[PDB]
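Here the structure is laid out as C-alpha cells; the discussion comes afterwards.
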Amino acid sequence: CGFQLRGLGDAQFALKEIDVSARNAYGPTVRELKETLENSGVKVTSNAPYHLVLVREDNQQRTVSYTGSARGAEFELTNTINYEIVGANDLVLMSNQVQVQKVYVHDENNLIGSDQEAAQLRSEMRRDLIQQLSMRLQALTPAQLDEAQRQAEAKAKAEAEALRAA
Amino acid sequence: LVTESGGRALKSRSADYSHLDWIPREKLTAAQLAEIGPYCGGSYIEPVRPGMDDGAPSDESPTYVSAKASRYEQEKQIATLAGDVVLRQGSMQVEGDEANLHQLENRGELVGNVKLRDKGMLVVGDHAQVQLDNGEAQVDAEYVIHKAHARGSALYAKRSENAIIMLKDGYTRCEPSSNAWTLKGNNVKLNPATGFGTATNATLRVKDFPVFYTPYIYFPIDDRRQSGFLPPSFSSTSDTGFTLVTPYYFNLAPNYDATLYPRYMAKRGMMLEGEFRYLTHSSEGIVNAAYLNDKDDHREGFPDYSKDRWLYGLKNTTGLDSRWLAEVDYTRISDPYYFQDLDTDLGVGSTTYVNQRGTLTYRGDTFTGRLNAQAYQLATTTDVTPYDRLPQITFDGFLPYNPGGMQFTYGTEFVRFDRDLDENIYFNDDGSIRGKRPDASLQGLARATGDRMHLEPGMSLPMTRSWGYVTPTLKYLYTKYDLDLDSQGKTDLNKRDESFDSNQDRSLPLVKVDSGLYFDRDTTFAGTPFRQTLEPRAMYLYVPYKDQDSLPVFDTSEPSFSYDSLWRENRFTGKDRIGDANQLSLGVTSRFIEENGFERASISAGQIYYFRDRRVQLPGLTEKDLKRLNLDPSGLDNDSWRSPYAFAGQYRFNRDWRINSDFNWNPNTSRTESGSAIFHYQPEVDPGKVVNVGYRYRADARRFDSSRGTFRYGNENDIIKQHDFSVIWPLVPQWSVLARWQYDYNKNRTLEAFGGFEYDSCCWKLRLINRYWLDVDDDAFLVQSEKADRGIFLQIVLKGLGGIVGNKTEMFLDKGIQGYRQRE
C-alpha cells in the first residue's frame, strides 16, 4: 500500500497556453487531443507561445497468427504518432513518438464485420495515444520550455549564424 | 604500371595513393569518419584551396598563376612555365610539372604529374592540352569524385566546343586497392546539358573478369537525377524455379518516384510490374500495376482460372490539410489464384481478398460526415462472397455545450448491403460431384440483402474530479431494415416453419454508468523514481432484451474476450445485433510513470459480472443452433454470472526493448481461452541487433463456418497455438546472421522458417537466405489445403548505384522480422 487520492495539484497542468497543429489538420486524432487538453484547463490558442505539432501518423497492419489452412487469422494494428514541439520562429525544442498496438480476430468469411471491428479498435487506440500524450504534457512546465529554448538558441544562433557572407 | 592496367588505382603514381587525395582511416576527423561506412579503409578528402565554393565563372575572377621558373623558345613560339605550376581561377585549379603555351595555335599543354581540379572533382593524368579559342581539351588518366567516394580511369578523355565529354576505356566505388568490381564502358559520352550519358561496349567486370555485356547503355550524370538501378535478386522457389528480378528506380522528383520490377521466372514467364509513389504536404499515394502471361497451366479447369494474370491498383489519400479528405484503396486482380501463384516475394500470409474502397470525409468542428463506397474482391475460391457497402452515409457528432453541463451526441448511418452469390456446382466427368462453391451453403436470412438505417442519440453527464469520475449516459438506438430475399431463401424459410417479413424495425435504450478512482503512490525501483498509479474502474450497462433472430447479419461480429471487452457498450460490432446487457464490469489499471511522463510499464486486470443471461447471439449460437445434439466446449457460456478473468500488461524500456502480454482465463469451465506474450528487442545504439519472440494462444474465436452457412465457436481446426522467433545478429566484424521460425503447435507443422547470412564490405554486400514456408492454397475441389514451398534468395549489392531505396523483392524480410530497418 501507501497510496492517496490524486490531488488537484497533480491533475492540473503546468501551462495554460498551447497551440496544436497536425499534418491531418482536422482529423479525428488532433480534434480529440484538443478536446482533451482544453478539458484540463489548457487553452488551445493560435497565438500561444509553444506549438505542439503531430507531423506523421502511421497506421500499419501486420499478421501474427495463422489459421489451420495457413491463411491469416489475427491482425495486429499499430498506431504511431510522431510529435515535435516548436517555440518561436519555428525552432524545435523536443521531439518524440508515442505508439500503441492491439490485435483482433479476422474472419475470411465476414469482411465487413472485420473492418468494423478494426475500426472500433483504432478508436480505442486513438484514445490511448492521447492519454499518453497528455500524460507527457502534464509533466512539462512552461519554465522547462523557456530554458530549453534559450539553450536551443544558444546552440543554433551562436554557432550557425557565425557564417554569414564574409 | 605506367598505364591503366585494370582493377586498382595506379600505385606507380604514389605509393599511398596520395595523388587521388586518399587519406587512410586512422588520419580522419570523426566528422569525416561519419561519412564513410564502418568497413571502409579511408576517404577521398579534397585539399582546401581558395575559391572552392565561389562557383567557377569564366572571367569573373583573376587568374592565380604560380611556378618556380619560366622559359621561352623563339623558333616554335612556346612560352613555358617550369617548376611546380599551379593555376587557379575561381573554382577550377590546374597543377602540373611544366606548362607550355603554344602561341602559334592557342594551345596550352601540361606535362608532368597533371592534376585538374574542380569542386569535388579531381583528374590525374600524364598530359593534357586545351585550345583557348573554343573549349576543346584532351587528357591522357584517372579521376576521383570525392562526394560519391567514386574513382575511375580512362585512356583518354576529350571535350568538344558544346561541352560533350568522351572517354575511351572507362567507374567504381571501391577503395584503390579493392579492385573488387568496375564498370567499364569502351566509349563513354557525357552531355552536361540534357544530363544523359551513354556507354558503348558496356561491361560489368569483377576482379578484372567480365560478367556482363551490352553494346549500348543510357544513364543520368547531372548530379543526382531521376534514375538508378537496383541490386538484382536471384531467387529459386518450388513454384517459379530459377528467378531473376532486376528492378530499376526513377527518382522523378523530391516528392515522387517510381520503380519498375521486371521478373523472369523459369516456370512462369516474363512478369512486368511497376509502382509509382508520391507524397506532398496535403496528400500521398501509391499506384501498382503488374502483368504476366503465365506459362504455368497447373491450374487448368480450376474455377475462375485465367491464363493471363494482372493486377492494378491505386491507394491514395488527398486533402489532409482541409476539412475534405478523399481516400481511395482500390485493387483489382485478374483471377482468384493470383497471390497464391505470384506472391513469392512474401511467403507466409498471402491475403485472401483485396480492398476496393473510395471514401469522402468532411470533418467539421462539431460533427463528421462520411460517404464511403466499399467492396472486396476475393483472392480465393473457398470463401463466401462478401457483402459490399455501396453508399454507407455516416454523420457523427455533438452539439456545442456549456462547460459542466449535459453532452448531447448523435450518430446516424444509412447503408445499402448487397452481393451477387456465386453458387455454381462443379461435376466430374462421371455422375458424381466435384466441388461446391461456399455460397451454396447459405440458407434463409443468410441469403438476404438490403438497406439499413440507424439513428443513435444519447446524453451523458460527465461528473469528474481529480480523484476520480462518474459519467452516466443514456442512449437510444433505432434501426430500420428494408430487406430483400431471393425465392431460394424464402422457400428455405417455409421449410423452417418461418416467414419472411421484409420491413423490420428495432428500438432500444441503453443505460451506462462509468465510474473510477485515481490513486498515486511514489516509489523508487532500481534507484529510479517511479510514480506508480492505481486507477480502478467500474461500468454498469443495461440494454433490454429484444429478439433479433429475424435480422440478417451484414457488418456484425463478436470479438474474442479481452480487457477492452469490459468497457464496450456492445459485445458485438456493427449494428446488426445489440447484446442484451444487464451487467457490471470491474477492472483496475496501474501505470508506472517516469519523471518525463513516459509510461514505462502498465498492468490491467478486470472482470465482468453478468446479472442476466446473454440471449441474443449470432446466427448459429442461438436456438437455431445448439440443436446439433450437444453444445460445444465453452460456447454454453450463457447463464454464467461471471466473465473470464482478463489480464494484460506492458513494459517498455526506453525504446530499446518492449514486452507485451495478456491472459484470459475462464473459471466457469476452468480453461484458458486466450493468452499471448510478445517480446521485441532492438537497441538504439546498434539497430543491427534484433530479436522477436512471441507466443499466441486463442481458442475462443467466433468465426463464420464456410460450409455450415452459419457461425461457430469451438473450431478445433483453427485454434491458434503458435510461436514466432526471429533474430538478426552480427557475429564478427563483417558478418551477420538473420533467421526466423514460426511454428503451429495445434497441427504440429512449421508455418515459416528461413535463415541466412549477410556479408558486408566497403564497396559491396552479399545476402543469402534459405527459406521454407506454407502458402495459401486452393485445390481443384474448392478445398483449402497447405502447400509447402521451399526457396533460396540471393542478393549482390554494389554500394553507390542509386540503390539506397527500399526494394520490394525483400518483402518476406520486412514482414517476417519486425526490426528490418538496418540503416547503413
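Read top to bottom, the protein sequences are chains D and C. According to the deposited numbering, the first sequence is numbered sequentially starting from 20. Numbering-wise, the second sequence is residues 95 to 234, 236 to 265, 267 to 920 according to the deposited numbering. Every residue, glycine too, gets a C-beta built ideally from N, C-alpha and C.
Below 7 Å between beta carbons: does that hold for residue i and residue j?
i	j	result
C859 of chain C	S274 of chain C	yes
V224 of chain C	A231 of chain C	yes
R246 of chain C	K280 of chain C	no
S757 of chain C	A773 of chain C	yes
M113 of chain D	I100 of chain D	no
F513 of chain C	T462 of chain C	no
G585 of chain C	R543 of chain C	yes
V179 of chain C	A161 of chain C	yes
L210 of chain C	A193 of chain C	no
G771 of chain C	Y747 of chain C	no
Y387 of chain C	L410 of chain C	no
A385 of chain C	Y408 of chain C	yes
Quick check on residue i: does DSSP put it in helix, strand or coil?
i	result
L34 of chain D	coil
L175 of chain C	strand
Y267 of chain C	coil
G531 of chain C	strand
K671 of chain C	coil
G564 of chain C	strand
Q746 of chain C	strand
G784 of chain C	coil
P161 of chain D	helix
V511 of chain C	strand
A884 of chain C	strand
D752 of chain C	coil
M154 of chain D	helix
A701 of chain C	strand
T905 of chain C	helix
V828 of chain C	coil
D525 of chain C	coil
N813 of chain C	helix
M146 of chain C	coil
Please work out which residues of its chain come closer than 6 Å, Cβ to Cβ, to residue i, disregarding the five sequence neighbours upstream and downstream, and give them in chain order.
i	result
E509 of chain C	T490, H550
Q470 of chain C	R453, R485
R459 of chain C	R419
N207 of chain C	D191
Strictly by DSSP, which residues pair up with residue i?
i	result
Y238 of chain C	C:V217, C:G247
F504 of chain C	C:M555
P306 of chain C	C:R301
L864 of chain C	C:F853, C:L890
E166 of chain D	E166 of chain D pairs with nothing; no bridge assigned.
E103 of chain D	D:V72, D:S114
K642 of chain C	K642 of chain C is not bridged to any residue.
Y777 of chain C	C:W753, C:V787
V83 of chain D	DSSP lists no partner for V83 of chain D.
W837 of chain C	C:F821, C:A849
Does residue i get closer than 7 Å to chain C when you measure Cβ to Cβ?
i	result
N129 of chain D	yes
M113 of chain D	no
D126 of chain D	yes
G132 of chain D	yes
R42 of chain D	yes
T48 of chain D	no
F32 of chain D	no
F94 of chain D	no
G60 of chain D	no
Ignore the nearest five residues each way along the sequence and tell me which others in residue i's own chain have a CB closer than 8 Å to its CB.
i	result
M555 of chain C	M502, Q503, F504, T505, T569, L570, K571
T481 of chain C	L474, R515, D516, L517, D518, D535
Counting only beta-carbon separations shorter than 7 Å, does residue i have a partner in chain D?
i	result
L870 of chain C	yes
residue 266 of chain C	One cannot assign coordinates to residue 266 of chain C, given that chain C in this structure leaps from 265 to 267.
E920 of chain C	no
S802 of chain C	yes
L847 of chain C	yes
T123 of chain C	no
With a threshold of 7 Å between beta carbons, is residue i in contact with chain E?
i	result
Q168 of chain D	No chain E is present in this structure, whose protein chains are D and C.
Only counting the same chain, and skipping five residues up and downstream in sequence, which positions put a Cβ closer than 7 Å to that of residue i?
i	result
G132 of chain D	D126
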